[PDB]
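Listed below are the residues making up each chain.
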Amino acid sequence: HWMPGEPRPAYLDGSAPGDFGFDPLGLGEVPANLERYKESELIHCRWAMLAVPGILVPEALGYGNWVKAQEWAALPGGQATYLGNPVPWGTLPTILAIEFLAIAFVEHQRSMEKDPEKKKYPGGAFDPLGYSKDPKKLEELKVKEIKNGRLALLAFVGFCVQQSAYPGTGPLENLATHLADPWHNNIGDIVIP
Amino acid sequence: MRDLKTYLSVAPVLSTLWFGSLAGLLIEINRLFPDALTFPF
Amino acid sequence: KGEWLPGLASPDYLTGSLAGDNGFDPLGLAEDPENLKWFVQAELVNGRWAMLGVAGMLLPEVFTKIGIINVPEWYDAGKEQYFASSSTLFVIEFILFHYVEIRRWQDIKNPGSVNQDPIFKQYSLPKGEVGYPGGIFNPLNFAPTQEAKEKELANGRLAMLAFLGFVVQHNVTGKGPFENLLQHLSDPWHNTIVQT
Amino acid sequence: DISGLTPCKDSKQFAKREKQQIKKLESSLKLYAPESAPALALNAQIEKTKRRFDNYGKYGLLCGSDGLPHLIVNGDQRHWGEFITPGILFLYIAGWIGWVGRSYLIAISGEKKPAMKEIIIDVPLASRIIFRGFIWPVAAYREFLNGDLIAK
Ligand SMILES: CC(/C=C/C=C(C)/C=C/[C@@]12O[C@]1(C)C[C@@H](O)CC2(C)C)=C\C=C\C=C(C)\C=C\C=C(C)\C=C\[C@@]12O[C@]1(C)C[C@@H](O)CC2(C)C
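Analysis parameters
- Residues numbered from 1 in each chain as written, not as in the entry; some residues may be left out.
- Chains lettered and ligands numbered in written order.
- Part of a larger assembly, values for the part shown.
- Heavy atoms only, no water.
- Contact = heavy atoms within 4.5 Å.
- Buried area = accessible area lost by both parts, 1.4 Å probe.
- Salt bridge = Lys/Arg side-chain N within 4 Å of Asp/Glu carboxyl O.
- Helix = DSSP H or I, 4+ residues; strand = E, 2+ residues; numbered from the N terminus.
- Nonpolar A, V, L, I, M, F, W, Y, C, P; charged D, E, K, R; others polar.
- Near = heavy atom within 4 Å.
- Polar contact = N/O pair within 3.5 Å; in protein donor to acceptor, adjacent residues only side chain to side chain.
- Areas by Shrake-Rupley, 256 points an atom, 1.4 Å probe, with all protein chains shown as cover.
- UniProt positions renumbered as here; feature names shortened; annotations may be inferred.
- Buried < 20%, exposed > 50% of the residue type's maximum accessible area, 1.4 Å probe, protein only.

Concerning the interface of chain D and chain B
On the chain B side, the residues contacting the 15 residues of chain D number eleven residues. Both faces considered, chain D and chain B share a buried interface measuring about 1200 Å² in area, 71% of it formed by carbon and sulfur atoms. It is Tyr-56, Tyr-59 and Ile-120 of chain D in chain D that bury the most area against chain B; as a group they hold 30% of the surface buried on that side. Where chain D touches chain B, the interface holds one salt bridge. A salt bridge links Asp-35 of chain B to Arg-52 of chain D, with the shortest nitrogen-to-oxygen separation between them at 3.5 Å. Put simply, the parts of the chain that give the side of chain D that touches chain B at least two residues each are helix 2 (37-58) and helix 3 (80-107) of chain D. Residue composition of the side of chain D that touches chain B, grouped by class: ten nonpolar, two polar and three charged.

This is how it looks when you write it as C-alpha cells:
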C-alpha cells in the first residue's frame with residue numbers, strides 16, 4: 001500500500017505489476033481509460049530511463065551541461081558538435097527534417113497495433129536475448145522495471161526543477177555545491193529568502 | 001403583564017430597539033475614533 | 001461528574017464516560033458525536049503541547065533567582081545565532097513532523113491500523129485507546145487509570161490558560177513572565193492590570 | 001512607488017489642501033468674539049482638521065497628483081490595513097449574523113405553527129442562540145464536513 005490504513009480503490013486489486021493502490025483523484029475509474037494509462041506510463045518510464053544516463057555522462061566528461069548543448073541552435077548558422085567534433089550535417093533544418101521523419105514512422109507503427117498486451121510488452125524481435133522465456137522470472141522483471149521507471153521520472157523532475165533555482169548549472173555542479181557545505185547550501189534558502 | 005411582554009416581542013418594536021442601540025453604538029464609536037480610513041494596528 | 005455551574009443541567013451528550021467530564025459546553029460544539037471524537041483528540045494534543053511550551057518558557061527564566069546559567073528570554077531566543085541556518089532547521093523539522101503527524105492521523109480514522117513497525121515487522125504497539133498509544137511510549141508501565149487521565153487533562157487546561165496569559169502579558173507589559181510576578185509581589189495593591 | 005504614487009508626507013498638494021481648509025475655517029472665526037461658543041467650536045474644528053491631516057501623514061498612505069489619498073488592494077503587505085484586515089473583520093461579522101439567523105430558523109422549524117414565531121420573536125431562545133455565533137467558523141466547517149450544511 002502507498003499509505004497503510006487507507007482503503008484501496010475497487011479497480012486496483014493488487015494483481016497488476018507495480019500496483020500499490022495510488023489513485024487519490026480516481027483517474028483510472030473508467031476501464032477503457034485505465035488501460036491506456038498503463039501504456040503511457042510505461043512509455044514515459046522507458047523514455048526517462050534513457051535521458052538520465054544521457055544527462056549525467058556528457059556532464060561527467062566535461063562536455064557541458066544538458067542545457068548548454070542547445071544554445072547554439074538559437075544563433076544564426078550554429079553547427080552541432082559531438083564529443084568536441086563538429087558534425088557536417090549539424091545544421092538546424094537538416095536535423096529537424098531527419099528527426100520528424102524517423103520518429104513519425106515508428107510511433108505511427110506503434111499506433112496501428114490493436115492487441116492491448118503488445119502495446120506494453122510487445123515481445124518478439126525486440127527481445128533478442130529471450131529474457132521473457134520464464135513467466136516466473138518475468139513478473140519479477142516487470143516489477144523491477146516499473147519500480148525503476150518511476151524513480152527515473154522523479155530524477156528527471158529534479159533535474160528540471162533544480163535548473164530553475166540555479167540557472168546555467170548542471171546537476172553534478174549542484175551536487176558538488178551541496179557536498180562542500182551541506183548545512184547552508186541546500187533547499188532551505190530557496191524556499192525562505 | 002404577559003400581553004405587554006408579547007407586544008414588546010413583535011417585529012417592528014424589536015427591530016426599532018435593536019437599530020436604535022446599534023446606531024447609538026456606531027455614533028459613539030465614530031465619536032471616539034474620528035476619520036478612520038485605514039486599520040492601523 | 002462535577003458541575004461547572006451549580007443550578008444548571010448537564011448536556012445530554014456529556015454522559016460522564018469521558019475523562020475530565022464536568023458538563024461544560026454552553027455553546028454546544030460537541031453535539032455531533034463525530035465532533036466530540038475529533039475534539040477530544042484536539043484537546044489532548046493541544047494540552048500536551050502547551051504543557052511543554054509553558055515549562056520551556058518559564059524555567060529558563062527562573063535561573064535569575066538561582067544564577068546557574070545565562071539564557072535570553074523566550075521572545076529573544078529566536079534571533080540568536082545557531083550552528084545551522086533557520087531555514088535548514090525549519091526544513092528538517094517539517095520533514096520529520098510530516099511523517100510523525102501523518103502516522104498519528106491514521107489512527108483517528110481507522111483505529112489499530114498503524115500499530116505495526118514499517119521496517120522491522122516483528123515490533124508492534126499493544127492495543128489501546130485512540131489518544132493513548134502506550135507501548136514504547138510508556139516505558140515505565142504506569143497504569144493509565146482514569147484518575148491519571150483526569151490529572152493530565154486538568155494540568156493541560158491549566159497550562160493552556162497559563163500560555164495564553166504569558167502571551168498576553170508580554171504584549172502589554174513588555175517584560176518576562178517571571179519579572180511580572182516579582183513586580184506584583186513587591187507592591188500587590190499598586191501593581192496589577194489597573195496600573196494606577 | 002506603486003503606480004507612480006508618492007507618500008502623503010512628501011506631497012506638496014496635500015499640504016496645500018490642508019492650508020486651504022484651515023484658512024477657510026479661520027476666516028469664519030474673525031466674525032465672532034473669542035470668548036463666544038462659536039469661536040470655541042471653530043477652534044475645535046481647526047484642531048480636528050490638523051489632527052486628521054497629521055494622522056493621514058503618519059499611516060503611510062499614497063497620494064496622487066491631486067494630493068488625495070489612494071488605496072491599494074492588490075494584496076501588498078505594506079497596505080494590508082487598507083483592505084485586508086477590515087475585509088476579514090467584515091466577513092467574520094457577516095458570518096456571525098448569517099449563522100445566528102440560520103440557527104434560529106432551524107430551531108423553530110419543528111413547531112406546530114412556525115410562522116407565528118417569525119412575527120413574534122421568542123426572546124429567550126434567540127438570546128440563548130445569540131451567543132453561539134461567536135464561534136461560527138468552526139461550527140460551519142464541521143457541519144460542512146459532516147454533510148449537514150446542504151439540504152438533501
Ligand atoms: C499548545 C499551546 C502552546 C504551545 C507553545 C509552545 C510549544 C511554545 C514553544 C516556545 O516557547 C518555546 C518552548 C521556545 C520558546 O522560546 C519559543 C517558543 C517556540 C515560542 C497552546 C494552546 C492553547 C489553547 C487555548 C488557550 C485554548 C483555550 C480554549 C478555550 C478557553 C475554550 C473554551 C471553550 O472551549 C470550551 C471549553 C467550551 C466551549 O463550548 C466554550 C468555550 C468557551 C468556547
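Structural notes on the site of the ligand
Residues and elements named next belong to chain C. Neighbouring residues of the ligand: 14 residues in total, closest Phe-24, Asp-25, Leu-29, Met-57 and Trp-74. Here an oxygen atom of the ligand sits 3.3 Å away from a polar atom, N or O, in the side chain of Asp-25. When the free accessible area of the ligand is taken as 970 Å², the share hidden by the protein chains comes to 55%. Looking at the shell around the ligand, the element that brings in the most residues is helix 1 (residues 33-66), giving five residues.

A word on the UniProt feature "binding site: chlorophyll a 6" in chain A
Residues and elements named next belong to chain A. In the numbering used here, UniProt assigns the feature "binding site: chlorophyll a 6" to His-178. Tracing the backbone through its elements, the reader meets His-178 in helix 4 (residues 171-180). Exposure remark for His-178: the relative accessible area of 35% places this residue in the partly exposed category. When near neighbours in sequence (up to four residues on either side) are disregarded, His-178 contacts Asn-185 and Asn-186.

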